[PDB]
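Heads up, the thing below is written out as structure tokens.
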Amino acid sequence: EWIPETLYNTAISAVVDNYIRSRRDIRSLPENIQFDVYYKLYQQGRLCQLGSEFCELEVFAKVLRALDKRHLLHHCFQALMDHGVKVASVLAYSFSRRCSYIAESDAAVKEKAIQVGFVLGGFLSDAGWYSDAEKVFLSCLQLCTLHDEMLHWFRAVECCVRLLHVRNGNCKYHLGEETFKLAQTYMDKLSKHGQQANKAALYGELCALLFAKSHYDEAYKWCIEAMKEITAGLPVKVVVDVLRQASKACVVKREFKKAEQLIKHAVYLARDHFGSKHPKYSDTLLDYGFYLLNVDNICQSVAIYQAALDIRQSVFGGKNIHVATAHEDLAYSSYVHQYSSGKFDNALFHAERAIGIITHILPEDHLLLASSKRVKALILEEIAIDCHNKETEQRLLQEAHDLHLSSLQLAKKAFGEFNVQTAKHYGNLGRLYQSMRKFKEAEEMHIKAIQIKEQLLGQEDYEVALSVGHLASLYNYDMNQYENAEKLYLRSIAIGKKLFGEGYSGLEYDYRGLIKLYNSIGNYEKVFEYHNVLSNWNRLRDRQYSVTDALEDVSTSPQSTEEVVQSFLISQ
Amino acid sequence: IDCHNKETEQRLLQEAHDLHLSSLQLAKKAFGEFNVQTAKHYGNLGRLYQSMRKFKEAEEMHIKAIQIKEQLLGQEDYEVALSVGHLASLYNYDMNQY
Amino acid sequence: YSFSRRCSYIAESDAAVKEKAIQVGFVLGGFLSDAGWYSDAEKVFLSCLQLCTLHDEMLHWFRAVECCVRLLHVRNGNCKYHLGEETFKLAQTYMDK
Amino acid sequence: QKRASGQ
Amino acid sequence: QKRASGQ
Amino acid sequence: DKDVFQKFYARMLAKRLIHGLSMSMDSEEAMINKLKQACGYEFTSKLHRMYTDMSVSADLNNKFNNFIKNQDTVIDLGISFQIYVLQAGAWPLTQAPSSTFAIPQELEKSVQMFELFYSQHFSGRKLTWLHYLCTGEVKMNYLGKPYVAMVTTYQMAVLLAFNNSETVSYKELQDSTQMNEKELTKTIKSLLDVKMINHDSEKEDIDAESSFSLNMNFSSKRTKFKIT
Amino acid sequence: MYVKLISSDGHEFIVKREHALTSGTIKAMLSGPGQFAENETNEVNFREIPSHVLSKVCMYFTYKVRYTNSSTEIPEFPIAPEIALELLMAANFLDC
Amino acid sequence: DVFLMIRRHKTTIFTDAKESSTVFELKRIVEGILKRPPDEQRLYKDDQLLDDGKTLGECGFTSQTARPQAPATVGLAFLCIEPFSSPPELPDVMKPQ
Amino acid sequence: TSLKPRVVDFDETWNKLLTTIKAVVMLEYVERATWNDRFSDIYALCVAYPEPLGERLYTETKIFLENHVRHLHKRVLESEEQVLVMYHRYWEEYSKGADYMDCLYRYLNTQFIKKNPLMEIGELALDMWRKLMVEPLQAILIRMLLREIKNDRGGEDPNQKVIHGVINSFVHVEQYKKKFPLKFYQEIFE
Amino acid sequence: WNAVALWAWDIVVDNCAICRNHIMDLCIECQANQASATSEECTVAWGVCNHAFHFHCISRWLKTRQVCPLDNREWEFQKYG
Ligand SMILES: [Zn+2]
Ligand SMILES: [Zn+2]
Ligand SMILES: [Zn+2]
Ligand SMILES: [Zn+2]
């Protein structure tokens with residue numbers, strides 16, 4: 001029944017127990033034994049004796065090369081940062097000091113301080129501590145750009161493409177633009193000497209930067225060059241990153257046919273080369289649930305975010321920015337899923353968790369807090385309208401008002417006034433004011449959002465059409481201007497039928513809006529007409545919607561890497 | 001009892017019901033059926049049922065608690081007095097068995 | 001856990017080392033049981049009791065009784081009542097002998 | 001309060 | 001309901 | 001210590017009810033009901049489940065026989081199949097027979113039919129077959145007189161393997177049922193005590209080499225009896 | 001049937017074949033030229049493992065084979081603190 | 001079951017003999033490795049000689065003190081048994097330098 | 001002594017490993033001293049201070065296996081019409097040497113190959129074989145095997161050990177590929 | 001051939017996570033009041049997450065929270081025993 005424990009683990013439990021008398025002699029052990037000892041220091045709960053050994057680069061750089069057991073490390077590190085020890089900040093400071101001490105030293109020694117810099121930067125970027133992986137990459141870039149040889153050119157290019165990711169992920173897009181300009185200059189200098197390096201990762205990261213900035217046309221163009229730059233010798237992680245950014249740009253560009261294949265191949269490749277419980281696979285699922293949510297397949301989306309949050313809780317502890325974004329995405333997909341049913345208790349918990357995390361690891365004035373403050377308030381308004389107590393709904397509306405105004409202020413501070421994300425915030429706040437009996441300014445908020453979306457998204461986008469339907473529903477039930485509501489319903493229904501087939505989820509809400517409007521005016525023939533149309537929509541939805549798990553749908557894709565990129569290039 | 005809401009009242013009654021039943025399960029598993037603590041949980045659950053307007057279940061729980069305590073503590077005890085007072089309050093105010 | 005491991009290691013020694021270990025265990029178990037960590041105090045008192053069963057001297061019997069009386073206090077506070085009767089039976093066995 | 005104190 | 005979902 | 005009495009009473013009630021011996025079915029109810037009145041329902045909740053399991057079993061076997069009757073194709077089990085369903089949370093006979101058993105193909109048709117029936121009649125109730133609580137009759141027509149004896153499922157597998165061939169190697173017998181040898185030593189000695197199977201091997205002891213052959217000289221005083 | 005182990009200090013430790021099969025690298029020791037029939041039984045010499053840690057490894061072998069898939073609460077193997085570090089590298093080298 | 005090692009100044013013979021395997025079976029096991037018939041070599045223990053017919057159980061050599069994790073030792077002479085090359089000592093840390 | 005991670009120059013140690021492997025792969029009598037020295041030295045090779053140089057050891061190890069298989073491929077090509085028997089015996093010797101290598105690269109397989117991607121040392125020899133011996137001669141070696149199977153039924157039964165010592169060769173080289181555990185045996189011969 | 005079959009619910013875990021009782025035994029609500037009156041309908045209710053509890057427990061659980069107690073996922077029934 002009881003298998004005897006191995007000699008290795010018993011000696012590990014003996015070295016750890018005799019830890020203080022042999023603390024300095026552990027660092028002379030093999031890196032495998034070193035990681036096993038420092039993991040036993042975490043299993044036993046000796047977090048304070050581990051936060052003084054992982055807090056030094058003489059030890060941490062000697063344990064980051066445990067590539068077989070790295071997820072365990074991601075659990076230890078995320079414990080220490082949750083414990084109280086600022087391991088990320090102290091590791092960044094130690095690396096900055098080491099780089100300053102090495103800058104005048106020999107160039108051969110300088111490169112050994114870059115490979116240690118790359119592994120530590122990649123780890124601290126994977127763990128979600130971009131703000132403390134930014135200093136590591138800045139020191140790496142400076143140390144590489146002190147001299148200008150070909151190897152230093154390549155190292156500077158790699159550090160530039162890595163530093164854009166840790167800058168874009170921290171919502172520092174303005175510095176990301178300058179970082180990309182520096183990368184462009186460095187690659188131009190490299191190409192002027194006849195040496196060309198693959199820039200697919202750089203272009204995909206720029207696509208992420210612009211998609212965050214909501215420059216969808218430019219993001220899609222850079223996606224086109226990124227997919228043109230894809231080769232066969234690239235590492236799989238770079239390919240997955242490029243495909244994931246390609247998918248999440250093509251979805252927002254409303255090209256659901258190509259983005260479907262892109263994201264399915266991305267998920268399949270992440271599952272094969274990495275595993276079912278890898279952080280990169282978790283990110284691929286988190287951006288695959290985005291695609292599934294934006295192609296009217298809301299329900300399956302919840303089955304993907306929950307399959308992407310559960311990977312980032314097993315790997316990234318409990319207080320992380322990578323589990324915070326998974327929480328906020330699952331808090332929003334469940335919010336859309338249970339919009340009709342009113343089952344927002346789960347979607348509220350997954351939104352308070354993201355708020356309680358980002359408010360703890362990020363400052364108040366951070367854009368990532370704005371997105372999570374949004375979703376929590378959208379669940380807050382949906383609970384409030386279903387709430388019966390007038391004081392409860394009043395205070396919930398006030399809390400949602402505070403959350404939307406804070407999110408809008410943050411979005412205006414970072415993005416600007418005429419951006420798509422700010423327009424989405426305006427539309428959400430207009431819906432909130434409609435729920436708050438402030439209709440006169442609610443119509444103004446909807447009009448401002450519609451104008452901002454039209455200035456950028458045009459008349460053929462679904463994002464503007466959804467707020468058009470929101471404003472028309474405001475007009476029908478609470479403004480009585482039935483002509484504007486009718487024309488905006490017509491535009492929204494036309495766009496929805498053009499894009500999302502014939503069984504789009506909001507089409508039912510639009511049809512009920514038309515039915516109530518036509519009942520209000522008095523014409524009772526078109527009431528029966530659109531009642532029949534609503535029944536037609538219901539039967540199409542019933543005979544179209546099939547409950548199929550997405551993970552088994554992507555279980556074995558018969559399409560390889562070359563075929564996907566070839567098909568994407570052929571389509572463009 | 002004090003709150004004038006109805007949905008909030010029902011939710012709080014259900015929460016108290018879950019807490020009482022989990023506590024009763026823990027006491028019943030670690031102590032057995034024939035102990036004073038299990039009977040106290042029975043009596044508290046009966047009082048809650050009386051608040052939950054489940055007067056048949058309330059009198060059933062109170063009868064079980066009184067029987068358990070009387071079998072153990074005898075026919076006279078302060079806890080038995082509290083239990084019979086609770087059952088009398090149930091009878092003379094809710095079930096009208098005077 | 002550290003005290004249990006060191007206790008199991010120095011169980012094979014003379015009476016002086018065993019006395020020192022049992023006294024360290026008494027003060028540590030008294031502290032942990034006083035702080036509240038009853039579940040983490042049995043693991044110390046069980047090791048002390050294991051030390052007290054190796055020899056048959058008078059002081060060893062008396063300190064086994066002390067282990068069995070302190071070990072009963074860290075189980076009533078932990079609500080391990082099904083083991084408290086066994087602990088009392090062990091203590092009264094030691095008292096009878 | 002219609003009944004005595006809880007047990 | 002009377003209004004569509006989020007965006 | 002009334003708890004240890006319930007545990008002791010459970011083992012004998014399980015043996016009394018399963019083997020079919022009982023003075024009267026109503027007396028079992030009265031004894032269970034008297035304890036329920038004398039020590040509370042929780043004391044006899046397990047015991048009451050054992051009694052009601054037999055009561056449901058009579059009703060269930062009517063339904064199972066009705067189910068096999070109302071079949072699209074003609075299904076015949078080929079044996080007087082009898083089953084009682086027992087709740088796993090009440091009976092004390094849950095001693096796990098983790099030793100793997102290979103039920104013979106003659107009786108494989110019936111067990112598969114009941115699994116199909118119970119899967120659709122009741123949802124979520126998996127069936128665990130306690131093969132060492134089952135007994136059945138075997139038609140011993142190999143000798144001159146068709147002797148009738150009661151053998152268990154464990155004994156049935158050994159006897160059925162001897163129907164086609166008068167001698168069966170002990171190596172094949174232990175691999176036909178693929179279970180532990182130590183149980184088979186006391187399994188087959190019951191047939192040795194009644195001399196149902198002759199000791200074909202010259203070795204006095206019983207091992208894997210001890211191949212056995214049918215006993216044609218076996219005589220039974222009673223036409224119908226039970227092997228124990 | 002038996003195998004003899006040589007420490008780095010010249011000691012000799014003789015233990016059964018199945019007892020020494022617990023270590024992964026001992027199986028590699030006895031897979032190639034280490035067999036040499038049964039002239040002096042299977043023979044293995046370590047040029048880096050001292051005598052005390054090899055004695056502890058052999059005692060661990062005895063503890064492992066005796067307590068393999070036991071139905072009783074196994075006692076903990078006593079790796080004393082003064083040898084814990086040396087035994088840890090030995091255990092990892094031997095893949096015990 | 002009694003676990004022990006046989007050391008003649010350079011070797012170590014781990015064995016798993018029972019209590020009935022007093023002496024002669026142990027010497028047969030030794031014969032199974034390096035011959036050395038009992039007419040020339042006799043086993044020893046802590047500067048004492050064990051009789052061939054004497055049972056090991058009664059002479060303070062039971063299975064309780066002969067666990068595989070820490071087996072008792074017996075000498076051999078064809079005594080000056082060499083030590084096990086004792087490990088380097090480690091600082092006590094709590095000592096005042 | 002000194003189980004601690006030491007520092008050692010790769011030149012002499014890799015030369016010693018080269019000599020031992022050259023004495024192993026062709027199945028020669030290898031002394032115990034060299035065998036145990038290689039076991040105790042590959043450990044220090046994989047944990048050499050300060051940077052564990054297991055990657056280098058893997059690199060020159062696969063380079064040596066590559067050039068050895070290339071030399072054996074040239075030895076097969078320089079022989080004509082008798083490649084079947086020499087190929088069978090060379091394959092048996094090389095498989096035994098690959099098993100001896102997998103046993104010999106014990107610590108590097110356990111604590112460097114699994115951490116990385118890279119492939120197992122024991123199947124590195126098999127992969128190098130099947131990609132440099134079998135792959136260029138995918139039809140030369142089966143040129144006479146397929147016709148003798150027809151000759152077996154009609155007029156000339158072949159030698160049993162010659163025809164069976166190669167029919168299992170294709171299965172062994174795909175013992176690591178999970179996706180194609182037996183497909184290559186069907187693909188190239190069946 | 002008389003045979004004995006121990007039927008049981010095919011849940012791998014033997015503990016209704018809401019009431020801590022064994023999955024085969026009556027729920028804590030059925031063992032509190034309905035113990036002396038009537039106790040035969042206490043079945044199990046599975047879910048999409050395949051975490052099955054006592055039907056009297058999960059239905060009692062859904063009166064306050066609409067999530068599976070083990071894993072905080074949305075609760076939709078899929079099978080009843
Ligand atoms: Zn701390
Ligand atoms: Zn329950
Ligand atoms: Zn129930
Ligand atoms: Zn669940």
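Chain labels run A, B, ... following the order of the structure tokens; each chain numbers its residues from 1, and ligands are numbered from 1 in the order shown.
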Could you list, as a CSV table (one decimal) with C-alpha atoms, in the first residue's frame, every residue within 7 Å of segment 81-90 of chain I, counting only C-alpha atoms and ignoring same-chain residues fewer than 4 positions away?
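Ended up saving to result-v8.csv:
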```
chain,number,residue,atom,x,y,z
I,76,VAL,CA,28.4,-0.9,-46.9
I,94,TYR,CA,25.3,-1.4,-33.6
I,141,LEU,CA,19.2,-3.7,-49.0
I,162,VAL,CA,19.6,-13.8,-42.3
I,165,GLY,CA,17.7,-10.5,-38.4
I,166,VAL,CA,16.8,-7.7,-40.8
```
Neighbour list for segment 228-245 of chain A as an MDAnalysis selection string, cut-off 9 Å, only C-alpha atoms, skip fewer than 5 positions in-chain: chainID A and resid 198:205 207:208 211 223 250 259 262:263 265:267 269:270 273:274 280 283:284 287:288 561:562 565 569
Could you give me the residues within 8 Å of ligand 1, counting only C-alpha atoms and all ligand atoms, as a PDB file with C-alpha atoms, in the first residue's frame?
```
ATOM      1  CA  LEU A  47       8.505  30.556   2.393  1.00  0.00           C
ATOM      2  CA  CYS A  48      10.738  32.915   4.369  1.00  0.00           C
ATOM      3  CA  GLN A  49      13.806  30.700   3.952  1.00  0.00           C
ATOM      4  CA  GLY A  51      12.480  34.149  -0.314  1.00  0.00           C
ATOM      5  CA  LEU A  80       6.844  34.350  -2.940  1.00  0.00           C
ATOM      6  CA  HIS A  83       3.989  35.863   0.202  1.00  0.00           C
ATOM      7  CA  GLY A  84       5.254  39.433   0.481  1.00  0.00           C
ATOM      8  CA  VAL A  85       8.810  39.096  -0.788  1.00  0.00           C
TER       9      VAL A  85
END
```
Protein and nucleic acid residues within 7 Å of ligand 3 (only C-alpha atoms and all ligand atoms) as an MDAnalysis selection string: chainID J and resid 26:30 42 54:57
For C-alpha atoms, I'd like the residues from the last selection saved as a compact mmCIF listing (two decimals), in the first residue's frame.
```
# COMPACT_ATOMS: atom_id res chain seq x y z
CA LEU J 26 -29.41 9.77 2.96
CA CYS J 27 -28.65 13.47 2.79
CA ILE J 28 -28.28 15.45 5.99
CA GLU J 29 -31.66 17.07 5.35
CA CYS J 30 -33.34 13.69 4.87
CA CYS J 42 -32.98 10.99 -1.82
CA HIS J 54 -27.38 14.45 -3.25
CA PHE J 55 -30.39 15.74 -5.14
CA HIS J 56 -31.87 17.09 -1.91
CA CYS J 57 -28.52 18.80 -1.28
```
Interface residues on chain A facing chain E, 8 Å, only C-alpha atoms, written as a PyMOL selection string: chain A and resi 336+339-340+378+424+428+431+463+466-467+469-470+473-474+477+506+509+513
